[PDB]
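*Asks:*
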Amino acid sequence: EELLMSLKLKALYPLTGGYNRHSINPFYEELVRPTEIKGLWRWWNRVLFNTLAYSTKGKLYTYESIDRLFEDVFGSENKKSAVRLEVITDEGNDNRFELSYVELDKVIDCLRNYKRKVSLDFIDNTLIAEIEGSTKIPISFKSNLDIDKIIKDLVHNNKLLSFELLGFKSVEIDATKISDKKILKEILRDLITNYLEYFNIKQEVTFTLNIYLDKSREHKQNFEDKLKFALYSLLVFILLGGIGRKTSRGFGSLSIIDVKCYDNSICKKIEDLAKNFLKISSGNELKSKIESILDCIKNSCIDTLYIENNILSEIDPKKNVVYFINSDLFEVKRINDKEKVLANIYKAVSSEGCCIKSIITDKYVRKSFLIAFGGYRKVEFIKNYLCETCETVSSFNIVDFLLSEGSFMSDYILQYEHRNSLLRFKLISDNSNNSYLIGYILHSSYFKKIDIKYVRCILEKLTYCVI
Amino acid sequence: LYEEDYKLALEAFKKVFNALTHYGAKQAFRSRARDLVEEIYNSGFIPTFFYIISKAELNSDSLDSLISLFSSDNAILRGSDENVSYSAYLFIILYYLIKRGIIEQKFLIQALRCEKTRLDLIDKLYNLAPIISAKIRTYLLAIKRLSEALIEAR
Amino acid sequence: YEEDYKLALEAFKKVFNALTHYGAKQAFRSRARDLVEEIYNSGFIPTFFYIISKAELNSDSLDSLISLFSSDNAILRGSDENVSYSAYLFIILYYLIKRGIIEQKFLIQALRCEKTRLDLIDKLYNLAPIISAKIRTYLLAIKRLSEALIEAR
Amino acid sequence: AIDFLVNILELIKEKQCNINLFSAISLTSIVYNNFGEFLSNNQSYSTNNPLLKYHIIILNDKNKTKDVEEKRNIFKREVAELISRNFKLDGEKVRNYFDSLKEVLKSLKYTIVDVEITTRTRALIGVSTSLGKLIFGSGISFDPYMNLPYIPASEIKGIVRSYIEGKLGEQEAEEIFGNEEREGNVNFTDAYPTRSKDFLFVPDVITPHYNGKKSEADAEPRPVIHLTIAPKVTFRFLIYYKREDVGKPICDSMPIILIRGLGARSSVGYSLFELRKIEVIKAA
Amino acid sequence: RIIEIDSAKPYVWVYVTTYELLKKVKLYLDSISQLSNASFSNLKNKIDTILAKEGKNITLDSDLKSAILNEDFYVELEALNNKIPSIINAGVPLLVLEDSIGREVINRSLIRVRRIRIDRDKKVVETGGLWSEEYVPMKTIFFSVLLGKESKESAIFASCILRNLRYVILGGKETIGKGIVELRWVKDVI
Amino acid sequence: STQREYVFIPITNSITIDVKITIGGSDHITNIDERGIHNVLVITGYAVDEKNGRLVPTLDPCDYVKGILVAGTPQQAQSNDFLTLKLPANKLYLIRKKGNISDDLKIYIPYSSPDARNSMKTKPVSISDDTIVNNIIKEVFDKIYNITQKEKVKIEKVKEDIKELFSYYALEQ
Amino acid sequence: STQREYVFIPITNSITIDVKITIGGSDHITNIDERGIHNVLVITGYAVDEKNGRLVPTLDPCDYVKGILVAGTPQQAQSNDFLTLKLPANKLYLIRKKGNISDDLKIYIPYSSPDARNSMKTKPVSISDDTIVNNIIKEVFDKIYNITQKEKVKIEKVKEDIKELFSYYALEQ
Amino acid sequence: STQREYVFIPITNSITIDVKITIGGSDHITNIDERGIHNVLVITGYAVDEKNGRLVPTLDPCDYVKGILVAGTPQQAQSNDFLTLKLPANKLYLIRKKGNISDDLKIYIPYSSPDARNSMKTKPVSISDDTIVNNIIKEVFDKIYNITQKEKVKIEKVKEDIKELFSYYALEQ
Amino acid sequence: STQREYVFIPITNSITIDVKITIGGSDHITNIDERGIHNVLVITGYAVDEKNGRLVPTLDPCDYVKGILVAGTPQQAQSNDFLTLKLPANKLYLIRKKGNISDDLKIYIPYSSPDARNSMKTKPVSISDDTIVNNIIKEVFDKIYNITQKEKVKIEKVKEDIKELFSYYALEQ
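Protein sequences appear in the order of chains V, L, F, P, E, H, X, Z and A.
Position 94 of the first sequence, counted from 1, bears residue number 95 in the numbering used here, the numbering being contiguous throughout.
Position 82 of the second sequence, counted from 1, bears residue number 98 in the numbering used here, the numbering being contiguous throughout.
Position 16 of the third sequence, counted from 1, bears residue number 20 in the numbering used here, the numbering being contiguous throughout.
Position 96 of the fourth sequence, counted from 1, bears residue number 118 in the numbering used here, the numbering being contiguous throughout.
Position 133 of the fifth sequence, counted from 1, bears residue number 169 in the numbering used here, the numbering being contiguous throughout.
Position 103 of the sixth sequence, counted from 1, bears residue number 440 in the numbering used here, the numbering being contiguous throughout.
Position 78 of the seventh sequence, counted from 1, bears residue number 415 in the numbering used here, the numbering being contiguous throughout.
Position 38 of the eighth sequence, counted from 1, bears residue number 375 in the numbering used here, the numbering being contiguous throughout.
Position 146 of the ninth sequence, counted from 1, bears residue number 483 in the numbering used here, the numbering being contiguous throughout.
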C-alpha cells in the first residue's frame, strides 16, 4: 500500500454530526467524518455512473448493481475496499465540549409540580430559558464553547437552521407528581448541552483527505478504469456536493486547495482537472469548466471500457428512483459574501418564499414544483400537475402517477420522509476571495420526461433572485 | 413421553419451519440459530433471552401468531425478515422452557404480553437459571445443526 | 455375515468414482477417519446432525446423490469439504438402503422435498439405537478402505 | 434479584472502573430491553437512578408506544455516555502484570520485545465480540477479568504476518510464523491499555443510508450508536522468542504496520495507531 | 466475574470453587498420605474446615451477602470462620458454592474467544474460517501431585530438579501468548 | 400464460422434431452460460420408453426423467395423448437455478399410454458413448438453442455435463 | 524553501556548535504546545556516536534514533559530509503526528563516516540521569523554542516524558 | 577480513561490468542450492534507480531493496562512492538463512547521495515479466554462480524464488 | 507440440546414437537430487527383441521395459517402421516424481514387429552386472545427461539405483 493522492480541501459552514447530531460532544470534536466522505463518494459515484450509462445507452442501473460492480475499489461484504480514506485537520487534539457550570437552581423552583414546557433561546448574547407557562429567566453558564455573535445571528437569520433547531431547544417537563432538584438539574443540563453544541458551527474548516490504494488489487480485469472512474467521481463530488447535513442547501460545500498526486499513471488527468479549479476568473468560466469535466466522462477520447459487463440490472421505473446529472441545468452566479446567500436560499425553496412567488407566481403550481423537486415536502388540486397521463401544462409528470389511485411512485413522492432535494445549491471558492454559487437540478428516474430549458429558465431565475 | 434434546429440537424446528413462509425469513432464522448460541454463552441466558424478546418486535399481531404456533401448526409468523427470525428463535426457546416443564405456558405468555408480569419473569428466570443454563445449549446446538442443514445461505 | 465389508467395497467404489477432484477424495478420507470415532463416542443422531449440517443438502447436491444411487457415472460438485461430507452422508444412506433399514422408496421422496426430509430425520431418530449397533463394522471398513486407497494429502 | 438490575447504572457511575464492566453491561441490557416495563412504576423510587428522569420528560402524548421508543433511544445514547465517562482507565494493574510477565519470560530465557502503541483515531477492535452487543449491536474485545478492552495476540500476529509475507514472500513468513508442519518462532501476548489521556471508551455512530439498497425509494438512515476506544489510549504487549533471527523482521515491521489499521473499519480511518516505544531485552 | 452491591470493597472477579472439587483435593491428599508416609494435614485441616459447611454457598475472605456470578446466577453467601486462612494466599475472596450451581457457574466462567482466517487477497474472511476456543482465565488454580518410587534418581529429581522448576508452558496456543503457568508446591510454600 | 414446452434426452432417434416452432419468441429458462445446462427440469415418477420416446405416467417415485424445458407448443399436432398444465413455475424441480422465474407457465408433456396391457416393469439406464450425446446436441440442441457452436466455445463442458447430469428409466416393453 | 535541522537527542555534549541559522522561521515541525512534544522524527538504520556524535549508517533495522525537526542549516561548515535530502512530506515517520507537514522538506541529518576502520557493535541506551536531561533541556528547547520558560511553566511533564519518548541505539566506540 | 559486496536486484540493468571477480574469494554466502536464494539480504530505508541504479537512502522505513552478498571488490575504481560496512554478521537482515556465516563481514553497497534537487516519490514495484527475470538470471545468477547449467536442472524452483521472493522500491524519477 | 525421446536401458551398447537430442534446452525429465533418477519411465505390456533391443509388443501384463525418457526426437530418420504416440500426460507413468507435468508429450519407442516366425518368450532380465552400470554411466549419463559428475559427489549413490530401479523381460532368442 502507498499513497494514491491527497486533496487539501476546505468546507464552508459544515454541519457534521455523530451519535448526537452536533459536530461536538463531551468527549471529542469531529468536524469531518471520513465515514461521511466515503459514503458521499459512493453516492456521487452511483449518480455519475448512471449519468454516463444514460447518456451513452439511455439505461439506468440500480444502486446495488453499480456498487456490486465497483466492489473492487469501494469494497463490499465480499471484498475489502482498495481505497483507504483519511481525514487530517488542525486542532486534531483534545477538543471536547465542557460545560463548567450552569446556574439554573431558580428555573427548577419555577418547575415545581407544574406540567410545563421549557424552551431555550439566545436573546442578544444572553440565553433565556423561556418557560412556556409565562416565564423567562436569563440563565448564566460557562463553557469552552466560544459562540460568537456571527454564529448566533447566522442561525437566527437562516430560516432553515432555525428550523432544525426546534429539536435541540425545547423539553416538556412533568413535575406534577413530584420532582427532585438533582434530577431537573440533569434534565436541564442535557437540554443546555444539546442547545449549546448546536452552535459549534465553525467555518473555513480545512482538512487534508488522503487516499491510499491496495496494491494487491492490481488490474485484474478492469481495476484501472474502475479506479479512474472512481477518482473522477470523487472530483464530481468535491465540486458539486459537500460534507455534513443540508448540503443540498449550500452548507458543507467543498473547495479544492491543492491536490498533490503520487502515481501519475492513475491520476494524471484527475490532478489536471483538479488543478484547473485552483483559481477561477469569473462565473461562466467556472460554468465552462464544470461542463468540460461533466462531458469528459461522456465524450472524450476515453469514456468507459467496462459497461460491457452484465453484472448490472435495469431499474424498474415503477419501483425505483435513481439520480443523475443533466449537464445543462447548472446556472452559476457570484455572491461576494456567503452568509446572506445561505439565508436567502430559504427564499428559493419555500412554498411562500418571496423568491419563488416571483418566479412561478401561482398556487398549486409552486406546490407541485416543490413536491417534485426540492425534496420531501409535507403535503397537507395539485396532483393534476403531477400525473403520468394527464394535462401537461407545466411538465412535472412523474413516471407512475395515476389519479385517485396510489402506486409506488405516488406514495414515494407524497409520503416518504427521506427524499433528497433534486434542486441543490453549492458555494465554491478558489483561494482568491471570489465565490460563485452553483445551482443545479439532478435528473430523477421518476420524471417521465420534463421540458428541460423551461425548468432551466426557472433555475436561472432562482440563481439570479436568490442572491 | 420424555423427549431428549435432539428430538425436542426436531419437533420445535419442525413447527417453526412450516410457519416461516418467505424463504428470507428462513435464512435470517438460520443466521439467528448460528450465533445466538455463542451469544447465550457469552452474555448469559437471561440477558440474551430478553434481547431476543426485544428484537422479535412483539407488541403487534406477532404475539398471538407466536402463541398460536404452539398449538395450531396452521399458524404463520408475520413480520419483517428480521422480526420473524427473532420471533421464531423466541418460539424455539419458549418451546424448550415449556416442554422441559421449567416454566408453564400460561405464565410465559402472560409475561410476554403484560408490562407487569415481565419483571417477575425476570425474577423467575434468575431463580431458575441453573436448571436452564445446565442443558439449553445442547438443544440449541441441535437447532443450529437443523438450521444449517435444512436451509441454505443467502 | 461379513457381507458388510462387501457393502463397504460397493459404497467406496461409488464414492471414489463420484469424487472427480482428488481434493474431494482426500477430504472424504479425513471424514472417514473422523466420523466413525465420533459415532462411537457421541452417538449416532448427534453425528448425523453434524454431518447433514456440513453437507448442505440444498437441492442440487441432493439430486447428485439420488443419481449416484443409480448412475455409476454421477459426480459430486461443490467444495472439497462440502462434497466430502455429502459423500459420507451417501455412505450412511447407502448402508441404510441396502440393509433395508428404511425403504429406498421413502428415502427418495425425502431427498426431494425438504418437507419429508424432516420426516426422514425423524425416522432415523426412531432407529438410532439399531443403526448405531449395525453400522459399526461397515463404517470401520469404509475407514480402512479410505486409508488404504486414497493418498494421504 | 431484580434489585441488582434497577440499581446497576448507579453502580456504574459510583463504582466507576472498579465494577465488572462485562457483567455490568450485560445486566444493563436487561433494563434496556425491558425499558417499557422498568418504567411502569418500577424505578425503585430512588433519586440517583437515571430511570425516573425518563418519567419527568414528556416526548409524545398521542402514543405511549412512541413515548417509550424515543425514551429508549435517548436511554441508549445515555448508556453509551455513562460507560464512556465513568469507566475510565486505571492501568496500574496492567503495568504490574506486564512487568511480572516480563520477569517470568526473562527466567524462561526468552528475548522480550515490549512494544507500546497509542491510539490515534477512535479504534474498533473486536467489533463483533460480545460487549454492549445486546444494547448497541456492536462490541469491543473485552477481557472480563482484567476488566479492560484488549487487542488479541492472534490479531496482532495475523497482521504482522500478513505484512511480513507481503514484503518477504509466502515462505519467509512460514519460516518465522511456522505452518502446519513447524511451530512458529515468535510469540505474542495480548495488548492491554496502560495509560490514556481522559477517556477509555467513547460513543460513536454509524448511519448507513444506501448500503444494500436498490434505489432512492428504499433509502433510509439507520443510526447505530456504539462504543469505540478513545484516542490517545496507549496499549502495550510483549513479543518473545528464543532464536535471534526473528528479531530482525519484527523490529522493522512494528513501526510500519501500525500506521495502517490494527482493528476494524481501518478503510475509513478508524483503528489507526502509533508506535510509541519499542525495546528489546536480549537474554543470552 | 461478579456483580455485588452491599459490599465495601468492590470486586471485578472472585475465585469460585465447589465442595466437590475440594472433596477431590482431599481425596488426593488422603490417598497420597496412605502411599507415601508423607502427610499434608495443614491442607487437610483447612479443606475439612471448609467441607464441614457443605450444602450452602459460603465466602472465605470477604463479607459478601449476595452477588451475581457470570451475570446469570444470583447466589446468597454465608461467611466462614475467619480462622479459615488464605488458601489461595492472596487478597481476592473465594466462594465455595454447592455443586448444582457451582457447576454452571464454573462452566460459564470460561473465555470463549472467536478467531478467524483472512483471505489474503479479498482481505475478507475465508469461508469456514471462523471458530471458537475456550481459555481458562488468568490466575486459575489447578491442584495435582507428583509421585516418585524409591530410587537414587528420584532423590536427585525431587531435591534438585523440582526445586528449580517454577514456570512452564502448558497446552496449546503458545504463540498467541497462552499457556504460561507457575507451579507452587505445597511443600515449599503452602 | 407464457408456454414452455417439455422434452427430455432419449437415446432412440425420437428426438429431432417435437415442436413446430423452435423458439417462437426470444425467451428461455434452460440457459447455457459456459456453466452447463442450467435449470434442468426433473420429473420423477414418469419413465420413458425411447421407442416413440415419451414419459409413461408411473407412480414409482424412484423412476425419474429430467430433460429440457423449451419455449414451445405441441405443434397443434400431438394434442390427444398430451395433458395440459398451468402451474406457478415453482412447483417444478429445477437444478442450478440462476434467477427468478415467470411463476406462470403452460407445458405439454410427451406422454404415452398408461400401458394397461402389461406390467410397467421399469429399467434404469445411464448415458455413455459420447457420440450418443454429440449426435443429440445435433438433433435438438442446434434447432433449439442457436447459442451452441455459435456462442459456446467450450462446449466440451456441456458434453460432460449432459453425460453426467442425465439418466432416466425405461420399461423395455 | 523550509530547510530542516534534525537535531537528534543524545546524552553527550554534541549540541553546542552545530548550526548557523537555528532561528528558522514561524514554523518548526517538532512542537511543544501545552500537550508535550509533537511531530518527533524517528529514523531507523542509524546509530549515533558520542565522540563527534552523529549518525553512522548501519543495516540493523532494530537500530533507531529519535530527535527534533526544526528549520535550519548545517552550520555552513558542514553539508559537505552531512545528509541533505528532499522528501515529499509523507515519507517521514513522525511520532505523535499533530497536523500535516508542508508537502516537501529539506532535511540535514548529521551523517558521519561509515567508520570502515572499526566494526559496528551497536548498543541500546535511553535518556535518564535527570541532570543530563535538564542541561540539554536548557541547551535545545530553551534556545530553539521561545516557548519554554517563557510560554510554559508545566514543562516538568516534558522533563518526565523526554526521558522515555526519546532513545536511540549507539556504539560508544 | 572477508570481502563481500551487495548487488541490487531490480528489474533493470546496471550489472554487466561493475564488479571484478566471478568467484571473488571464498564463497557467495548467498547460496544457490536447489532450494532457491538463501541469505538474500534486505536493506530497509533505501531504494534504487531505474537507470544509474545505486543505493539512495530514503529515510522512510517503508522502503527497501533486496539483493546479494557476493565475494569480491568492484573494479578497484570505486568505493569512494560505495559504502564500507564492517558488520559482525548478526546485524545483517538476511532471509532464508540456510547456513552460517564467518561472523565478521565487510559489505560494499553501491551508494549515492539521494538527491539535492527533486523529491523522492519512490514507487513500490514487483519483479515479473519472465523475459526480465530470464535476462537477469543470464546476467547474474549464471554470471555469478558457475554451478548453473552444469548441475542445476532445478532452476524451475529458483525461477519462482526470483519472481516472488524479490522486490524493491524505485524512484521513477 | 513437445518432443520427448524414450530409450530402454539395455544390457547392451545399442542406445548410444540412433536419436539426436541430448539436452535440447534448459529442462530434463529425469532428475538427480541425491535421491535418485526421478520420473522414470517403465513401459509395461511390451518386450525386448534381444539383438540391439527393439521393444516388441505383446499382450502380457507381467512384462515391461524400464528406460530413460528425455526431451528429444529420434531425428525422424527413424520410425519408418516404429511407433510414436501423443497423449495429454495423464495416461503416462513416472517414478519418484520430481517434475512439472507438461500436459502433452510425444514419445518415441524402439519397435520390432510382433515376430510371427516363432514365439517370443519373455524371460526376466534384472539389470545386474554393475560393470554394465559403469558402461551406461558413460554411454548415457554424461552425454545426454549434462549434470553427472559436475556437482556430483553423489555418483555411486545414484549408480546403485539401476539395479533397484530398472529390470525388464527379454526374449533371449
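Cβ atoms here follow ideal geometry from the backbone N, Cα and C, with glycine treated the same way.
Please classify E197 of chain P as buried or exposed, where buried requires at least 16 neighbouring CB atoms within 10 angstroms.
*Replies:* Counting Cβ neighbours within 10 Å, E197 of chain P comes out buried, since at least 16 surround it.
*Asks:* Which residues, in order along the segment 401-427 of chain Z, keep a beta-carbon less than 8 Å from a beta-carbon of chain P?
*Replies:* So the close ones are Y401, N427.
*Asks:* Any C-beta of chain L within less than 9 Å: which residues of the segment 83-108 of chain E qualify?
*Replies:* Answer in chain order: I104, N106, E107, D108.
*Asks:* Using 8 Å as the threshold, is the C-beta distance between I47 of chain P and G113 of chain P below it?
*Replies:* No, these two residues do not count as a Cβ contact at 8 Å.
*Asks:* Determine, for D77 of chain L, whether the minimum Cβ-Cβ distance to residues of chain P falls below 8 Å.
*Replies:* No, because no Cβ of chain P sits closer than 8 Å to the Cβ of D77 of chain L.
*Asks:* Does chain X have any CB closer than 8 Å to the CB of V208 of chain P?
*Replies:* With 8 Å as the cut-off, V208 of chain P does not count as an interface residue toward chain X.
*Asks:* Cα-Cα, which of E:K92, E:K82, E:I152, E:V132 is closest to residue 20 of chain E?
*Replies:* Residue 20 of chain E is absent from the model: chain E starts at 37 and stops at 226.
*Asks:* Indicate whether at least one CB of chain Z lies closer than 8 Å to the CB of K496 of chain A.
*Replies:* No, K496 of chain A lies away from the interface with chain Z (no Cβ there is under 8 Å from its Cβ).
*Asks:* Return the residue from the list P:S176, P:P166, P:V116, P:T133 that minimises the CA-CA distance to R153 of chain E.
*Replies:* The candidate whose alpha carbon is nearest that of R153 of chain E is P:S176.
*Asks:* What in chain X is Cβ-close to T209 of chain V, meaning under 8 Å?
*Replies:* The answer, in chain order, is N437.
*Asks:* Between the segment 468-493 of chain Z and chain A, which residues of the former have CB atoms less than 9 Å from a CB of the latter, in chain order?
*Replies:* Cβ contacts with chain A: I484, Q486, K487, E488, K489, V490, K491, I492, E493.
*Asks:* Examine chain E for any beta-carbon lying closer than 8 Å to the beta-carbon of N79 of chain V, and answer yes or no.
*Replies:* By this cut-off, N79 of chain V is an interface position.
*Asks:* Please classify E107 of chain E as buried or exposed, where buried requires at least 16 neighbouring CB atoms within 10 angstroms.
*Replies:* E107 of chain E is buried by the Cβ-count criterion.
*Asks:* At 8 Å on the CB atoms, spell out the chain X contacts of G269 of chain P, in chain order.
*Replies:* Residues of chain X passing the Cβ test: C399.
*Asks:* On the DSSP letters alone, give me the boundaries of the alpha helix (DSSP H) that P35 of chain V sits inside.
*Replies:* Unbroken alpha helix (DSSP H) run through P35 of chain V: 35-58.
*Asks:* Please compile the residues from chain Z whose C-beta is within a distance smaller than 7 Å of the C-beta of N389 of chain A.
*Replies:* Ordered by position in chain Z, no residue passes the 7 Å Cβ test against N389 of chain A, which lies about 30 Å from the chain.
*Asks:* Classify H375 of chain X as helix, strand or coil using the three-state DSSP reduction.
*Replies:* Strand at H375 of chain X.
*Asks:* Specify the secondary structure class of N195 of chain V as computed by DSSP and reduced to three states.
*Replies:* DSSP places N195 of chain V in helix when its eight states are reduced to three.
*Asks:* Please identify the residue among H:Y506, H:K494, H:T421 whose C-alpha is closest to the C-alpha of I374 of chain H.
*Replies:* Comparing Cα-Cα distances from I374 of chain H to each of H:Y506, H:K494, H:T421, the minimum goes to H:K494.
*Asks:* In angstroms, rounded to a whole number, what distance separates the CA positions of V379 of chain Z and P447 of chain X?
*Replies:* Looking at the two C-alpha atoms, the distance is approximately 24 Å.
*Asks:* Who are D175 of chain V's beta bridge partners in DSSP?
*Replies:* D175 of chain V is bridged to V:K116.
*Asks:* Thinking C-beta only, is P225 of chain P closer than 8 Å to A102 of chain P?
*Replies:* Cβ atoms of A102 of chain P and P225 of chain P: closer than 8 Å.
*Asks:* So, helix, strand or coil for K403 of chain Z, using DSSP?
*Replies:* Correct three-state label for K403 of chain Z: strand.
*Asks:* Going along chain F, which residues have a C-beta under 9 Å from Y105 of chain L?
*Replies:* Chain F residues near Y105 of chain L: none, gap ~17 Å exceeds 9 Å.
*Asks:* Under 8 Å between C-beta atoms, does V161 of chain E make it to chain V?
*Replies:* For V161 of chain E, the answer is no, since every Cβ of chain V falls outside 8 Å of its Cβ.
*Asks:* Short check: CB of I481 of chain A to CB of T359 of chain A, under 8 Å?
*Replies:* For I481 of chain A and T359 of chain A, yes; Cβs fall inside 8 Å.
*Asks:* Go through the segment 39-92 of chain P residue by residue and report every complete run of the alpha helix (DSSP H) that reaches 4 residues or more, in order.
*Replies:* Segments of the alpha helix (DSSP H) lying fully in the segment 39-92 of chain P: 43-55, 57-60, 75-78.
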